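In: Below: the sequence, then the experimentally determined structure.
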Amino acid sequence: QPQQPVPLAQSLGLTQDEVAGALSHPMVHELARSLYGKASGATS
Amino acid sequence: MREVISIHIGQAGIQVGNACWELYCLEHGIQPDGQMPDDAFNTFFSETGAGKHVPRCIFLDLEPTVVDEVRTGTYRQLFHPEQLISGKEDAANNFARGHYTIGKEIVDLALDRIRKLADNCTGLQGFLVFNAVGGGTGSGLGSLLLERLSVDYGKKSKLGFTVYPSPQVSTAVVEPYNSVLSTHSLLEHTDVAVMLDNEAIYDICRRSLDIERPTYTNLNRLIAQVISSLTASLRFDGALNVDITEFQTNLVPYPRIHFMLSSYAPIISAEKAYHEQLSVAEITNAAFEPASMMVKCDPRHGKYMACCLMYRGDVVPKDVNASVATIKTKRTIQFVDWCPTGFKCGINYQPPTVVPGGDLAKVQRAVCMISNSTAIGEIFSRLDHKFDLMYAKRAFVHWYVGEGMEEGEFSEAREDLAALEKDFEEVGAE
Amino acid sequence: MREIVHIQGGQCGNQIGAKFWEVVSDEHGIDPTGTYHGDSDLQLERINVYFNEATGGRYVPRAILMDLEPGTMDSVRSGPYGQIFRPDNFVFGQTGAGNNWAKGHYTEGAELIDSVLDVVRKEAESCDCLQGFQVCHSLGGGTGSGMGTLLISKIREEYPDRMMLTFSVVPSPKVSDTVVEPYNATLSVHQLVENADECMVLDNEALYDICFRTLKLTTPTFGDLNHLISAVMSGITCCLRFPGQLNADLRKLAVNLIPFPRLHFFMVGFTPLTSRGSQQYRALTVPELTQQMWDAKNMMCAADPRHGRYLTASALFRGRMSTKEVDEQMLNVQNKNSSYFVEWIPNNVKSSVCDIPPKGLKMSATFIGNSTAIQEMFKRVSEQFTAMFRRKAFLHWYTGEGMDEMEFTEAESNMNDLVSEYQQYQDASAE
Amino acid sequence: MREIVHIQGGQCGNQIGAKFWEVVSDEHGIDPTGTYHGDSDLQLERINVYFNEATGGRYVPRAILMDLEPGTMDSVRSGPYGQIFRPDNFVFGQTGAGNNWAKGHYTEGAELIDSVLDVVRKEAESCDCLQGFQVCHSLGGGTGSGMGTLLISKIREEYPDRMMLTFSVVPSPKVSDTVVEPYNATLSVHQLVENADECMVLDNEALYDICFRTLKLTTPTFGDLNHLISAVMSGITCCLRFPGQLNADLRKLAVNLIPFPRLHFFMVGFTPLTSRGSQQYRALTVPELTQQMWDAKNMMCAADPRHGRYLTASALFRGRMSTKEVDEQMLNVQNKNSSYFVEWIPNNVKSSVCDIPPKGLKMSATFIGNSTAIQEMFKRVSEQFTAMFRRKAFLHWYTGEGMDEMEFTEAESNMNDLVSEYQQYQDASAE
Amino acid sequence: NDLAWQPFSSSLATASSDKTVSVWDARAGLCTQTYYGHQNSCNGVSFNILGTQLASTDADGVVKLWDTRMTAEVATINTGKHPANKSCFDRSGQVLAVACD
Ligand SMILES: Nc1nc2c(ncn2[C@@H]2O[C@H](COP(=O)(O)OP(=O)(O)OP(=O)(O)O)[C@@H](O)[C@H]2O)c(=O)[nH]1
Ligand SMILES: Nc1nc2c(ncn2[C@@H]2O[C@H](COP(=O)(O)OP(=O)(O)O)[C@@H](O)[C@H]2O)c(=O)[nH]1
Ligand SMILES: Nc1nc2c(ncn2[C@@H]2O[C@H](COP(=O)(O)OP(=O)(O)O)[C@@H](O)[C@H]2O)c(=O)[nH]1
């Protein structure tokens, strides 16, 4: 990590409901299912 | 006017019906609540005075769990509660249990609801029976239902999207038994039977979608896309419209020979999408590739008899003609000597809609190739020895006998499958 | 909506059943006072399989406790979940069976069997639909083995079509607890062969081996063995209680497991059993679950599968997993170990998948194997029974209870014939 | 994605393996807790060659730690990287072999070899693709030599095509530690000739030489020798783990090194090993690395290459370097020292280049030389073995473990045949 | 109640009091065929000398002759109400001798 000579949640205006239900969203569930389906190639 | 009644029997039938009906809702804009914010939906949905649309489908199963999953999930305000029919005791992988003892009252109620559904249809293109050959519910109850439908409705075209056991991989042990029984049953009732194999669709997902852990949801989504492509010509206008009745005329040469390999193209993830041109010729070639077949059955072993191609999206007749000419000039693709044309091309102007949450990419073109070819006898050949190997010892036969079957039923089913093998050999031979 | 009637017999059976009910209540979020505290819809979705709703929010097990001495079920009420059971389902005698199968089956078991059947019928009729009965007990004890086999016979008479499942703790090979274990086991096996549709064989020494080698426990009490048995008994029926991607009920398991009616004895195991130190050192994957599942050390039966041949094997997986991954794992296991699998069955695996893993475990898998290896266990029990019967030691205690000597030899003949059938299908060749 | 199964055997083998795993974890940026803390993508790119992922981010070696006494791996666990290893991979007995190869191969090794093979098979089956096994151990010790040779034979039987690499600490020429070193070495070399595909020969006295003459250390403990052995063990396989301008796997090295199957014994050395004083002063260049590696003093083998002839020699360089510079340097070495190189091979050098130098070093290069010089080492070991075997000293300890006297004679004959082949290819003339 | 080997064969026909006459394979141990024609306990069975037909008696006096390969009832005859006990085929003949109470 280079030297640099504020929170991500604060950025983009993410609401507390979105933060709480981030992993509970059906779209995120589908994303997790796809990531699990592509084992070791998920990060490709 | 172009109504088609959908039947989903057993766990596999209901689980592919979930994908099919989600796809239809996405395609026609119908929200899961039941209503959408013309008359292209009439094939699959019947509209009420309130404007809310109910599918013309029937979820039949002897087990409550799968149907209750639908009753509890998102599509609880869409389906008809009585159309969801739930049994009390499962068939326990017993064809006799699903065909002789438990299936009676359930099939009576099923015929009742099917009459009620067909009474609401001006026209009726046919029935789409989605079951699982290899399970007591799907095989036995499905066979009984198909027999009853053949007896009462008569000449209505029943298209059976059956899933036979894979060559090597499987989940059941008595699967050869009940598969042979159900194949005996459905050789004489269904009009066009579409073969599907879990191993082949797993291979398709692993190779084309790059899914190292394919699952039943992915398999059902692929099957749903294929059935949507099959029915697209009923709901959306386009050049070279193809009909349910035209499937049989252009695909079934003789009444016994009506089993069909199905292949969809392209099957590409969005990361691999827009990285190839995806032209009509290339998608036709992919559809004719043996790996793209959804049945573990190499077409190189046999010879093609007929091929119905269903093109979706931005497809032009010049391109379908050029691709089919290249296919005819191709040497590995081999046709029977008695069918010089052997092709039924049909285009549709509606591109395949992409399911959010799916792996398929948004592609402007698609091909669904459904082919009658004599190679399909190979899968019956595999089950014919998988059956007799267990039948020599009469293993698990007491289970089937206990629910009111006889050794004669097994003998007759084996003999009829042997006759089907012989018929496939004879049609393949000159 | 497919109900199961749980029955506990004998001291060992009662303790195992109490631990099983504790585990099931933990899985469904049921406190010992009966109130639901799970905060999950799926826990209450199929609670009626095991429990019934009381006047209030209380949930009561569909359990029937059987014994001839009241001390064991006094301990049952003193147990952590001793209050969930209805007091009317405790059926007890006054003089316990002195490890005497004859006493528990003919003399003292005859009187109490009236109340046992009355309670069983009362619980069965209230059920909408009945999958069947599951009876947990120990072979090699008076009240448990004898009285339980008597109940099993009566229930088979009453409900021939309903499923019968038995969890029998067969006497262990090396270290035997009571002297008359071979006699009681020989007599109970004869009843289980004729009556029980589905039977699981468990051994205390196999449980000790697994809890000392895999779990790496130093001082495992009977509570831990009951814990492992309870895990298996929950996992066998999790498909009824929870949604599954490929579900399979008890009757489906029996159909896919039993080739012939007399070959219905099964050896079971549970995964993932991980030592506490290596819990961070195990990566929870379907191949790892299969590797532990097919290991002979994980089997809770004394007989090791390597000696025999797998006639059939069911694997009920639980958790978020790929059907392709599971199916490929089992096919690959069969292909690698084709020597240990019977040739005249093309596929020897019944794979089922459930979407609800046990609490805390991301994935799990219970294994139910029908293999010819259990032949050697029945052979050892025969080697003990014949040795004792030749000199007729302790035979007078069974004789004084009104049991004819011919009954012992009939039971031995039945068990030897079962051994012969297992050998026949171990060495049967295709075509 | 070409995995390697590491095995450590005996006291010396276990300690060398611990140091090697410390070095590899440092290179891949793995802290003793297993979490990656390296901050370089290429480190994690091919971490699967040695490590597997746990439930968390933990990375654990694919190592199997073998012994008959527990204190050695108690020390291993107490070491700085003791808790990275999977606790299930520690296979140890209760009583160690008293420097008795017979005890480690026949009596006490027989029982534990089943568990060892189970652990090895479990580690191999989890691998996607298996390059092979590497066994680090010491000839001239009871458990080390015995269990190592037995396990190598078993692994050769199970996986014949998979590569086998051995790091054998041959007993030192001048100063021997234990009396029965000649016996153990003679019995182990016979097994290694037949089974081990690729073998590195190491000497404690040769390492002591390099640490006094190149490294100029004062009182170097065994940790330093293990550190240098670990450097060689890492550098031999760094091409698998890191991208290379001209990469070369273990099979490529073996193919280019072994002219005939029995001539698979190799001497190895590492560069640049320099003292602290002249570190600022020494020029870090490809010619300097070549000059150092081709020195006899750089060898970790006691035998000096000047007496023998180089049959083959591989050099694996690490660092952003000129392939022309490397090739020209090694061609120049051949042309200058053509008397030390075999005539009937036009090119006796296999050059491999990797783009990632080891941490701290601007450059590096590991050398693996197949030369007939090791003939004198085997000759000396035979000279000691024959001296003891003529009077049958200490022979009764081995004979009491149930091995024939004939095995000693067969091992000596095989070892002498290997020496004869080395002499034949030293003095072979072209055409 | 009765047992008889099929002539010069490994098949064994056994008649039981369950009103059933079952033909088994001795080597395999499985029931090749079963006949449910009887309405009472089947006292006896007899084979034709060639094995073509099987005569099974009944407690009520019914004697049923079954065909081996057709697996069907060729001839159901009734004696008096008394039980038929055991029967015997004539040596290469078309006659069946039955006992009676
Ligand atoms: N392609 C595909 N096949 C499935 C799917 N789900 C189940 N199957 C197949 O369906 C077969 C059994 O289905 P069912 O008969 O309906 O199972 P069930 O509902 O419990 O009914 P029974 O098993 O007969 O008691 C299995 O062999 C599977 O191969 C699915 O989602 N996709
Ligand atoms: N796993 C387990 N086994 C037990 C327990 N209690 C007793 N046993 C075993 O069960 C065997 C039979 O005893 P049991 O059937 O309970 O005696 P009974 O109640 O008089 O019939 C004995 O050999 C004990 O080793 C227990 O809590 N758990
Ligand atoms: N380089 C190195 N050599 C060692 C070490 N420990 C022991 N040795 C040498 O290895 C030789 C064999 O010992 P070893 O095989 O480990 O004894 P064993 O394990 O009981 O069989 C001894 O003569 C030692 O000189 C070590 O940590 N490093």
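Out: Sure thing, it's come through. Numbering: from 1, shown residues only, chains lettered A, B, ... in the order given. Ligands and ions are numbered 1, 2, ... in the order given.

In: dump the residue contacts of the residue of the stretch 1-150 of chain B found nearest chain A.
Out: Relative to chain A, the nearest point of the stretch 1-150 of chain B is residue B:74 (8.5 Å; CB to the nearest CB). Backbone N, C-alpha and C define where each C-beta goes, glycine included. Residue B:74 makes contact with residue B:32, according to CB atoms under 8 Å, 6 or more residues apart in numbering or on different chains.

In: so it, which of the three states?
Out: Three-state call for residue B:74 (DSSP: H, G, I helix; E, B strand; the rest coil): coil.

In: So it versus ligand 1, what's the distance?
Out: 18 Å (CB to the nearest ligand atom, to the nearest Å).

In: need the residues of chain C near ligand 2, please.
Out: C:10-12, C:15-16, C:96-97, C:99, C:138, C:140-144, C:169, C:177-178, C:204, C:222, C:225-226 (CB under 6 Å from any ligand atom).

In: mind listing the helices for chain A?
Out: All helices of chain A, identified by DSSP state H, fall at A:16-20, A:26-37.

In: Can you check which of those helices gets nearest to chain E?
Out: Judging those by CB to the nearest CB, what sits closest to chain E is helix A:26-37, at 45.8 Å.

In: I'd like to check what contacts that closest one. Which residues are they?
Out: By CB under 8 Å, 6+ apart, helix A:26-37 touches A:22-23, A:42, B:211-215, B:217-218, B:356-359, C:320, C:322.

In: Which members of those residues are the farthest-apart pair?
Out: Greatest spacing in the contacts of helix A:26-37, by CB to CB: A:22 and B:214 (26.3 Å).

In: Which one's more surrounded, these two?
Out: Set residue A:22 next to residue B:214 and count neighbours by other CB atoms under 10 Å in any protein chain shown: residue B:214 wins out with 24 against 11.

In: what sits against the closest residue to that one other than its chain neighbours?
Out: Distance criterion CB to CB, 6 or more residues apart in numbering or on different chains; nearest residue to residue B:214, sequence neighbours excluded, is residue B:205 at 3.7 Å. Counting by CB under 8 Å, 6+ apart, residue B:205 makes contact with B:211, B:214, B:218-219, B:222, B:267, B:359, C:324.

In: Not counting its neighbours along the chain, what's nearest residue 40?
Out: In the absence of a named chain, chain A is used. In space, residue A:40 is closest to residue B:212, 7.1 Å off (CB to CB, 6+ apart).

In: The chain in question should be chain C.
Out: Counting by CB to CB, 6+ apart, residue C:29 is the residue found nearest to residue C:40 once chain neighbours are left out, at 6.6 Å.

In: same question, residue C:149
Out: residue C:191 (3.7 Å).

In: Return the residues of the stretch 151-300 of chain C in contact with chain D.
Out: Residues of the stretch 151-300 of chain C lying near chain D by CB under 8 Å from any CB of the partner chain: C:275, C:277-278, C:280-284, C:287-288, C:291.

In: Would you mind listing which of the residues you listed are buried?
Out: The neighbour-count test (16 or more other CB atoms under 10 Å in any protein chain shown) marks C:275, C:281-282, C:284, C:287-288, C:291 as buried among these.

In: Need phi/psi at residue C:339.
Out: phi -60, psi -40 (degrees, to the nearest 10).

In: re earlier: I'd guessed the residue nearest to residue C:149 sits against residue C:151; true?
Out: No. Using CB atoms under 8 Å, residue C:191 makes no contact with residue C:151, being 10.0 Å away.

In: More neighbours: these two, which one.
Out: Neighbours were counted for residue C:191 and for residue C:151 using other CB under 10 Å; residue C:151 has more, 26 against 22.

In: is it true that that one lies in a helix?
Out: Yes. Counting by three-state DSSP, residue C:151 is found in a helix.

In: Residue of chain A nearest chain D, please.
Out: residue A:1 (7.2 Å).

In: Could you check how many residues crowd around that residue?
Out: Residue A:1, neighbours per other CB under 10 Å, totals 4.

In: Spatially nearest residue to it (excluding sequence neighbours)?
Out: residue D:39 (7.2 Å).

In: Distance of the one you found relative to chain C?
Out: 24 Å (CB to the nearest CB, to the nearest Å).

In: same question, residue B:221
Out: 14 Å.

In: got the contact list for that residue?
Out: B:19, B:23, B:355, B:358-360.

In: So which of those residues are in helices?
Out: Using DSSP H, the contacts of residue B:221 in helices are B:19, B:23.

In: Turn the contacts of residue B:221 into TSV, columns for neighbour count.
Out: Output for those, formatted as TSV (neighbours: other CB atoms under 10 Å in any protein chain shown):
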residue	neighbour count
B:19	23
B:23	22
B:355	19
B:358	22
B:359	26
B:360	23
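
In: What's the local residue count around the residue in chain A positioned nearest to ligand 3?
Out: Ligand 3 sits closest to residue A:40 of chain A, with a gap of 36.6 Å, by CB to the nearest ligand atom. By the criterion of other CB under 10 Å, residue A:40 has 11 neighbours.

In: before we move on, what about residue C:204?
Out: The burial count assigned to residue C:204 is 22, neighbours taken as other CB under 10 Å.

In: And for residue C:58?
Out: Neighbours of residue C:58 (other CB under 10 Å): 16.

In: okay but it is in contact with residue C:35, surely?
Out: Yes. Counting by CB under 8 Å, residue C:35 is a contact partner of residue C:58 at 6.7 Å.
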